[PDB]
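First the structure, in the form of structure tokens, and then the observations on it.
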Amino acid sequence: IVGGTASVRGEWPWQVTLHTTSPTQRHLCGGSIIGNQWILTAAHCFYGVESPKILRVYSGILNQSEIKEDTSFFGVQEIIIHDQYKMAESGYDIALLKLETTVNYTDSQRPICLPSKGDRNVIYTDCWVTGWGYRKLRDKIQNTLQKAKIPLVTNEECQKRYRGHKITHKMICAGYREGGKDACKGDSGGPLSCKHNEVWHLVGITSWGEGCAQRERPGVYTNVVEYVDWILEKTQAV
Ligand SMILES: CC(C)CC(=O)Nc1cc(-c2ccc(C(N)=O)cc2C(=O)O)cc([C@@H]2C[C@](C)(c3ccccc3)c3cc(C(=N)N)ccc3N2)c1
């Protein structure tokens, strides 16, 4: 996160850190708890992820340094990547992780509501991007979970900012005209969370952008509302 500040413990209880175990304990991507055995994240995070066996999902974490040998985690039973996914810049940058065990909800770990298809018309004015990603282009993964408040940008305005790309309605952009606050490397897969009528909704999944926090280059996110049907298809399969 560029231009963010440290989160307080329990502030974003749906935020998870997805780790890889080889050769050592390392953060891979962010993710969001959406159900008691379901994490929503980005498809691009998974290149080179051959088997779900190398994954560990950690919830209720503020600092990466908390991650101890005896820290509880969730194993991943399955990785479900959208079948139309090719690359972040072309969309369909979404994936589900089915957990091996159930998350027991607490003040430190609980789900975020999906947007309502009937909420595709709502205007969110209180949106935050969170993560352990870089604070600048050439950096490293952060210890403390960072947060940044960013305004949503209309699809039409975002398309003006990325004239050489196709910004679809399955993408949502967020950023300040002058730049300064944005997601960056390591933040992908994590949430773009918006508060509406006292309820937090998972509006976006951190995906891509042209650099980080640049003037007139908003961050591009997977527009979760456009995937509610896909999510239900995968999570509610008979
Ligand atoms: C070798 C090639 C195949 C490259 C490859 O591997 N791609 C790849 C790998 C990573 C990556 C690497 C390591 C770790 C880890 N955990 O160490 C985690 C990640 C991670 O997923 O974030 C990231 C991306 C992009 C980068 C991008 C566009 C960007 C462009 C320019 C500079 C910085 C960032 C960006 C911008 C914004 C924003 N400004 N809103 C949001 C998301 C992203 N994500 C692609």
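By order in the structure tokens, chains are A, B, ...; within a chain, residues start at 1; ligands start at 1, following the order shown.
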
As a quick test: using only C-alpha atoms and all ligand atoms, which residues lie no more than 6 Å away from ligand 1? Give them as a PDB file with N, CA, C and O atoms, in the first residue's frame.
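Output file out-v5.pdb follows:
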ATOM      1  N   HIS A  27       4.788 -14.559   2.500  1.00  0.00           N
ATOM      2  CA  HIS A  27       3.521 -14.049   2.042  1.00  0.00           C
ATOM      3  C   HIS A  27       3.521 -14.093   0.528  1.00  0.00           C
ATOM      4  O   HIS A  27       4.497 -13.701  -0.133  1.00  0.00           O
ATOM      5  N   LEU A  28       2.404 -14.535  -0.016  1.00  0.00           N
ATOM      6  CA  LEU A  28       2.170 -14.604  -1.432  1.00  0.00           C
ATOM      7  C   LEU A  28       1.195 -13.508  -1.931  1.00  0.00           C
ATOM      8  O   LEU A  28       1.529 -12.714  -2.821  1.00  0.00           O
ATOM      9  N   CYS A  29      -0.006 -13.469  -1.346  1.00  0.00           N
ATOM     10  CA  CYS A  29      -1.077 -12.553  -1.756  1.00  0.00           C
ATOM     11  C   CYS A  29      -2.040 -12.316  -0.613  1.00  0.00           C
ATOM     12  O   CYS A  29      -2.006 -13.033   0.384  1.00  0.00           O
ATOM     13  N   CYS A  45      -2.203 -14.534  -8.699  1.00  0.00           N
ATOM     14  CA  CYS A  45      -1.373 -14.932  -7.561  1.00  0.00           C
ATOM     15  C   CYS A  45      -0.881 -16.331  -7.657  1.00  0.00           C
ATOM     16  O   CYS A  45       0.102 -16.690  -6.999  1.00  0.00           O
ATOM     17  N   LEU A 137       7.355   1.516  -5.509  1.00  0.00           N
ATOM     18  CA  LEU A 137       7.686   0.574  -6.586  1.00  0.00           C
ATOM     19  C   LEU A 137       8.789  -0.432  -6.267  1.00  0.00           C
ATOM     20  O   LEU A 137       8.634  -1.627  -6.567  1.00  0.00           O
ATOM     21  N   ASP A 182      -2.499   4.142  -3.107  1.00  0.00           N
ATOM     22  CA  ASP A 182      -2.827   3.060  -4.037  1.00  0.00           C
ATOM     23  C   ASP A 182      -2.383   1.727  -3.466  1.00  0.00           C
ATOM     24  O   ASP A 182      -1.647   1.671  -2.488  1.00  0.00           O
ATOM     25  N   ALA A 183      -2.785   0.649  -4.126  1.00  0.00           N
ATOM     26  CA  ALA A 183      -2.283  -0.664  -3.802  1.00  0.00           C
ATOM     27  C   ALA A 183      -0.958  -0.786  -4.551  1.00  0.00           C
ATOM     28  O   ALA A 183      -0.657   0.042  -5.427  1.00  0.00           O
ATOM     29  N   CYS A 184      -0.163  -1.807  -4.220  1.00  0.00           N
ATOM     30  CA  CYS A 184       1.088  -2.054  -4.920  1.00  0.00           C
ATOM     31  C   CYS A 184       1.407  -3.592  -4.880  1.00  0.00           C
ATOM     32  O   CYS A 184       0.541  -4.375  -4.496  1.00  0.00           O
ATOM     33  N   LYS A 185       2.592  -4.029  -5.374  1.00  0.00           N
ATOM     34  CA  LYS A 185       2.993  -5.439  -5.382  1.00  0.00           C
ATOM     35  C   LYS A 185       2.882  -6.044  -3.973  1.00  0.00           C
ATOM     36  O   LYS A 185       3.427  -5.506  -3.008  1.00  0.00           O
ATOM     37  N   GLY A 186       2.218  -7.179  -3.878  1.00  0.00           N
ATOM     38  CA  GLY A 186       2.024  -7.887  -2.612  1.00  0.00           C
ATOM     39  C   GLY A 186       0.639  -7.694  -2.048  1.00  0.00           C
ATOM     40  O   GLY A 186       0.221  -8.448  -1.174  1.00  0.00           O
ATOM     41  N   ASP A 187      -0.080  -6.664  -2.540  1.00  0.00           N
ATOM     42  CA  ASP A 187      -1.436  -6.327  -2.104  1.00  0.00           C
ATOM     43  C   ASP A 187      -2.486  -7.065  -2.908  1.00  0.00           C
ATOM     44  O   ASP A 187      -3.632  -7.177  -2.448  1.00  0.00           O
ATOM     45  N   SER A 188      -2.106  -7.599  -4.093  1.00  0.00           N
ATOM     46  CA  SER A 188      -3.070  -8.286  -4.937  1.00  0.00           C
ATOM     47  C   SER A 188      -3.768  -9.421  -4.244  1.00  0.00           C
ATOM     48  O   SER A 188      -3.194 -10.131  -3.399  1.00  0.00           O
ATOM     49  N   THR A 206      -7.965  -6.442  -5.341  1.00  0.00           N
ATOM     50  CA  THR A 206      -6.757  -5.800  -5.871  1.00  0.00           C
ATOM     51  C   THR A 206      -6.152  -6.615  -7.045  1.00  0.00           C
ATOM     52  O   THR A 206      -5.852  -7.811  -6.889  1.00  0.00           O
ATOM     53  N   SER A 207      -6.000  -5.965  -8.207  1.00  0.00           N
ATOM     54  CA  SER A 207      -5.578  -6.621  -9.440  1.00  0.00           C
ATOM     55  C   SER A 207      -4.340  -6.060 -10.111  1.00  0.00           C
ATOM     56  O   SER A 207      -3.328  -6.748 -10.093  1.00  0.00           O
ATOM     57  N   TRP A 208      -4.408  -4.843 -10.722  1.00  0.00           N
ATOM     58  CA  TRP A 208      -3.278  -4.245 -11.447  1.00  0.00           C
ATOM     59  C   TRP A 208      -3.367  -2.734 -11.580  1.00  0.00           C
ATOM     60  O   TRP A 208      -4.352  -2.154 -11.179  1.00  0.00           O
ATOM     61  N   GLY A 209      -2.351  -2.123 -12.178  1.00  0.00           N
ATOM     62  CA  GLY A 209      -2.302  -0.690 -12.456  1.00  0.00           C
ATOM     63  C   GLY A 209      -1.023  -0.348 -13.178  1.00  0.00           C
ATOM     64  O   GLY A 209      -0.145  -1.198 -13.295  1.00  0.00           O
ATOM     65  N   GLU A 210      -0.879   0.897 -13.653  1.00  0.00           N
ATOM     66  CA  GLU A 210       0.367   1.328 -14.305  1.00  0.00           C
ATOM     67  C   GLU A 210       1.192   1.959 -13.199  1.00  0.00           C
ATOM     68  O   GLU A 210       0.941   3.106 -12.838  1.00  0.00           O
ATOM     69  N   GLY A 211       2.126   1.188 -12.641  1.00  0.00           N
ATOM     70  CA  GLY A 211       2.957   1.606 -11.521  1.00  0.00           C
ATOM     71  C   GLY A 211       2.103   1.673 -10.275  1.00  0.00           C
ATOM     72  O   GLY A 211       1.034   1.069 -10.250  1.00  0.00           O
ATOM     73  N   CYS A 212       2.548   2.406  -9.242  1.00  0.00           N
ATOM     74  CA  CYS A 212       1.808   2.534  -8.000  1.00  0.00           C
ATOM     75  C   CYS A 212       1.655   3.981  -7.621  1.00  0.00           C
ATOM     76  O   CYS A 212       2.649   4.714  -7.599  1.00  0.00           O
ATOM     77  N   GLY A 219      -5.849   2.583  -9.541  1.00  0.00           N
ATOM     78  CA  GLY A 219      -5.684   1.154  -9.382  1.00  0.00           C
ATOM     79  C   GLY A 219      -6.892   0.486  -9.976  1.00  0.00           C
ATOM     80  O   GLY A 219      -8.003   1.015  -9.881  1.00  0.00           O
ATOM     81  N   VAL A 220      -6.665  -0.675 -10.624  1.00  0.00           N
ATOM     82  CA  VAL A 220      -7.698  -1.484 -11.260  1.00  0.00           C
ATOM     83  C   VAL A 220      -7.935  -2.726 -10.397  1.00  0.00           C
ATOM     84  O   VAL A 220      -6.978  -3.404  -9.951  1.00  0.00           O
TER      85      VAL A 220
END

**Residues near residue 218 of chain A, cut-off 8 Å, only C-alpha atoms, skip fewer than 4 positions along chain, as an MDAnalysis selection string** = chainID A and resid 153 158 161 173:177 179 182 209 213:214

Selected residues, N, CA, C and O atoms, written as a tab-separated table (two decimals), in the first residue's frame, please.
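Okay, this is what ended up in selection-v2.tsv:
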chain	number	residue	atom	x	y	z
A	153	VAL	N	-13.53	5.55	-8.99
A	153	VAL	CA	-13.46	6.31	-10.23
A	153	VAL	C	-14.45	5.66	-11.17
A	153	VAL	O	-14.55	4.43	-11.16
A	158	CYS	N	-11.90	6.01	-15.79
A	158	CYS	CA	-10.80	5.06	-15.78
A	158	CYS	C	-10.36	4.68	-17.18
A	158	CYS	O	-9.17	4.52	-17.42
A	161	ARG	N	-8.05	7.19	-18.53
A	161	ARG	CA	-6.72	7.10	-17.93
A	161	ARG	C	-5.86	5.97	-18.48
A	161	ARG	O	-4.65	5.99	-18.28
A	173	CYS	N	-12.23	0.83	-10.84
A	173	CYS	CA	-11.02	1.60	-10.57
A	173	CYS	C	-11.18	2.48	-9.36
A	173	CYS	O	-12.28	2.92	-9.04
A	174	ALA	N	-10.05	2.78	-8.71
A	174	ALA	CA	-10.03	3.62	-7.54
A	174	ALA	C	-8.70	4.35	-7.43
A	174	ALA	O	-7.64	3.75	-7.61
A	175	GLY	N	-8.76	5.65	-7.16
A	175	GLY	CA	-7.56	6.46	-7.05
A	175	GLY	C	-7.85	7.94	-7.10
A	175	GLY	O	-8.94	8.35	-7.52
A	176	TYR	N	-6.88	8.72	-6.63
A	176	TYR	CA	-6.94	10.17	-6.61
A	176	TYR	C	-6.33	10.68	-7.89
A	176	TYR	O	-5.32	10.13	-8.36
A	177	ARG	N	-6.91	11.76	-8.44
A	177	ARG	CA	-6.38	12.36	-9.66
A	177	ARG	C	-4.88	12.68	-9.51
A	177	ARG	O	-4.09	12.40	-10.42
A	179	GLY	N	-2.77	11.24	-7.53
A	179	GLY	CA	-2.02	10.07	-7.09
A	179	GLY	C	-1.76	10.13	-5.60
A	179	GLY	O	-2.44	10.87	-4.89
A	182	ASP	N	-2.50	4.14	-3.11
A	182	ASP	CA	-2.83	3.06	-4.04
A	182	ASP	C	-2.38	1.73	-3.47
A	182	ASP	O	-1.65	1.67	-2.49
A	209	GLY	N	-2.35	-2.12	-12.18
A	209	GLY	CA	-2.30	-0.69	-12.46
A	209	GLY	C	-1.02	-0.35	-13.18
A	209	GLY	O	-0.15	-1.20	-13.30
A	213	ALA	N	0.41	4.38	-7.31
A	213	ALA	CA	0.02	5.71	-6.83
A	213	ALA	C	0.42	6.86	-7.74
A	213	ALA	O	0.54	7.99	-7.27
A	214	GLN	N	0.57	6.61	-9.04
A	214	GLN	CA	0.91	7.68	-9.97
A	214	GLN	C	-0.30	8.59	-10.25
A	214	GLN	O	-1.46	8.15	-10.22

**Message:** Using only C-alpha atoms for the distances, tell me which of A:80, A:37, A:11, A:86 is nearest to residue 107 of chain A.
**Reply:**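 Ranked by minimum distance to residue 107 of chain A, first place goes to A:11.
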
**Message:** When you look at segment 46-62 of chain A with a cut-off of 9 Å (counting only C-alpha atoms), what residues show up, excluding the ones that are within fewer than 2 positions of it in the same chain? I need them as a VMD selection string.
**Reply:** chain A and resid 7 to 22 28 31 33 39 42 to 44 64 to 67 71 to 79 81 95 97 99 103 106 to 110 143 to 146

**Item:** Pick from A:85, A:238, A:198, A:180 nearest to residue 215 of chain A, counting only C-alpha atoms
**Value:** A:180

Hey, what's within 8 Å of residue 202 of chain A if we count only C-alpha atoms and toss same-chain stuff fewer than 2 positions away? As a CSV table (one decimal) with C-alpha atoms, in the first residue's frame, please?
chain,number,residue,atom,x,y,z
A,112,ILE,CA,-17.2,-9.6,4.6
A,113,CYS,CA,-20.5,-9.3,2.8
A,114,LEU,CA,-20.6,-9.7,-1.0
A,115,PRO,CA,-22.2,-6.7,-2.8
A,191,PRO,CA,-10.0,-6.5,-0.6
A,192,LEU,CA,-11.2,-3.1,-1.7
A,193,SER,CA,-13.8,-2.8,1.2
A,194,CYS,CA,-16.6,-0.1,1.2
A,200,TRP,CA,-18.8,-3.4,4.9
A,204,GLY,CA,-13.1,-5.1,-5.4
A,205,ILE,CA,-10.2,-7.5,-5.5
A,224,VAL,CA,-16.9,-8.3,-7.4

**Message:** Report, in Å with one decimal, the straight-line distance from atom CA of residue 221 of chain A to atom CA of residue 128 of chain A.
**Reply:**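 Calculated distance between atom CA of residue 221 of chain A and atom CA of residue 128 of chain A is 12.2 Å.
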
**Message:** I need the residues in segment 120-223 of chain A that are strand (DSSP E or B) according to DSSP; give them as a PyMOL selection string.
**Reply:** chain A and resi 127-131+144+146-149+152-153+171-174+182+191-196+199-208+219-223

With C-alpha atoms kept, could you save the residues just selected as a tab-separated table (two decimals), in the first residue's frame?
chain	number	residue	atom	x	y	z
A	127	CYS	CA	-13.67	2.66	0.41
A	128	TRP	CA	-10.38	1.28	1.74
A	129	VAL	CA	-7.64	-0.87	0.21
A	130	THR	CA	-5.58	-2.97	2.66
A	131	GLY	CA	-2.49	-5.16	2.46
A	144	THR	CA	2.19	-4.38	9.57
A	146	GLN	CA	-1.53	-1.12	5.93
A	147	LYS	CA	-4.73	0.72	5.01
A	148	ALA	CA	-5.56	3.57	2.60
A	149	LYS	CA	-8.86	5.34	1.85
A	152	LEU	CA	-13.93	5.01	-6.64
A	153	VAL	CA	-13.46	6.31	-10.23
A	171	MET	CA	-13.31	-4.05	-13.48
A	172	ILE	CA	-13.64	-1.17	-11.01
A	173	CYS	CA	-11.02	1.60	-10.57
A	174	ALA	CA	-10.03	3.62	-7.54
A	182	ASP	CA	-2.83	3.06	-4.04
A	191	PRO	CA	-9.98	-6.46	-0.59
A	192	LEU	CA	-11.24	-3.08	-1.71
A	193	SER	CA	-13.79	-2.78	1.19
A	194	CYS	CA	-16.56	-0.14	1.18
A	195	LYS	CA	-18.85	0.79	4.10
A	196	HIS	CA	-22.49	1.39	3.18
A	199	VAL	CA	-22.09	-2.65	6.62
A	200	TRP	CA	-18.81	-3.42	4.91
A	201	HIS	CA	-19.03	-4.85	1.37
A	202	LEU	CA	-16.33	-6.53	-0.75
A	203	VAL	CA	-16.44	-4.25	-3.76
A	204	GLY	CA	-13.12	-5.10	-5.39
A	205	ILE	CA	-10.17	-7.49	-5.48
A	206	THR	CA	-6.76	-5.80	-5.87
A	207	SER	CA	-5.58	-6.62	-9.44
A	208	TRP	CA	-3.28	-4.24	-11.45
A	219	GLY	CA	-5.68	1.15	-9.38
A	220	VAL	CA	-7.70	-1.48	-11.26
A	221	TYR	CA	-9.70	-4.04	-9.23
A	222	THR	CA	-11.91	-7.01	-10.04
A	223	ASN	CA	-15.53	-5.70	-9.77

**Item:** 12 Å contact set for residue 230 of chain A, only C-alpha atoms, chain neighbours under 4 positions out, as a ChimeraX atom specification
**Value:** /A:40,80-84,92,94-96,224-226,234-237

Let's have the selection written as a short mmCIF file (atom, residue, chain, number, x, y, z; two decimals), in the first residue's frame, with N, CA, C and O atoms.
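Output contents, as saved in again16.cif:
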data_model
loop_
_atom_site.label_atom_id
_atom_site.label_comp_id
_atom_site.auth_asym_id
_atom_site.auth_seq_id
_atom_site.Cartn_x
_atom_site.Cartn_y
_atom_site.Cartn_z
N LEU A 40 -11.82 -15.39 -1.10
CA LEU A 40 -11.85 -14.80 -2.42
C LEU A 40 -10.55 -14.03 -2.61
O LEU A 40 -10.10 -13.29 -1.73
N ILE A 80 -9.78 -22.67 -7.14
CA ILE A 80 -10.71 -22.53 -8.25
C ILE A 80 -10.44 -21.21 -8.95
O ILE A 80 -10.79 -20.15 -8.42
N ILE A 81 -9.83 -21.27 -10.15
CA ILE A 81 -9.52 -20.07 -10.93
C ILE A 81 -10.56 -19.91 -12.04
O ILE A 81 -10.96 -20.92 -12.66
N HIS A 82 -11.02 -18.67 -12.28
CA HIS A 82 -11.97 -18.41 -13.34
C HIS A 82 -11.43 -18.95 -14.66
O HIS A 82 -10.26 -18.69 -15.01
N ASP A 83 -12.26 -19.75 -15.37
CA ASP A 83 -11.80 -20.41 -16.61
C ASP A 83 -11.52 -19.50 -17.76
O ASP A 83 -10.91 -19.94 -18.72
N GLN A 84 -11.98 -18.25 -17.68
CA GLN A 84 -11.70 -17.29 -18.73
C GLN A 84 -10.45 -16.46 -18.41
O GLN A 84 -10.06 -15.64 -19.23
N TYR A 92 -11.15 -11.11 -15.52
CA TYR A 92 -11.44 -12.43 -14.94
C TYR A 92 -10.41 -12.76 -13.90
O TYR A 92 -10.13 -13.93 -13.67
N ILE A 94 -9.89 -13.47 -10.74
CA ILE A 94 -10.63 -13.91 -9.56
C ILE A 94 -10.41 -15.40 -9.35
O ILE A 94 -10.32 -16.17 -10.30
N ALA A 95 -10.33 -15.78 -8.09
CA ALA A 95 -10.13 -17.15 -7.68
C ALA A 95 -10.77 -17.37 -6.30
O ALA A 95 -10.88 -16.42 -5.51
N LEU A 96 -11.17 -18.63 -6.03
CA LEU A 96 -11.68 -19.05 -4.72
C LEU A 96 -10.77 -20.10 -4.16
O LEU A 96 -10.25 -20.97 -4.89
N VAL A 224 -16.27 -7.18 -8.00
CA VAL A 224 -16.88 -8.34 -7.36
C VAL A 224 -18.38 -8.52 -7.65
O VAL A 224 -18.83 -9.65 -7.86
N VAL A 225 -19.15 -7.43 -7.70
CA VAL A 225 -20.58 -7.53 -7.97
C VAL A 225 -20.86 -8.27 -9.28
O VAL A 225 -21.89 -8.95 -9.40
N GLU A 226 -19.95 -8.16 -10.25
CA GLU A 226 -20.12 -8.81 -11.56
C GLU A 226 -19.77 -10.28 -11.54
O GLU A 226 -19.86 -10.97 -12.56
N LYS A 234 -19.68 -21.70 -7.88
CA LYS A 234 -18.56 -22.47 -7.33
C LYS A 234 -18.70 -22.86 -5.90
O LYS A 234 -18.22 -23.94 -5.56
N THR A 235 -19.32 -22.01 -5.06
CA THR A 235 -19.47 -22.27 -3.62
C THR A 235 -20.72 -23.07 -3.26
O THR A 235 -20.74 -23.72 -2.22
N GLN A 236 -21.76 -23.01 -4.09
CA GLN A 236 -23.04 -23.66 -3.83
C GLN A 236 -23.32 -24.84 -4.80
O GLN A 236 -24.47 -25.27 -4.91
N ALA A 237 -22.28 -25.40 -5.43
CA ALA A 237 -22.37 -26.53 -6.36
C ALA A 237 -22.96 -27.74 -5.70
O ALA A 237 -22.53 -28.07 -4.60
#
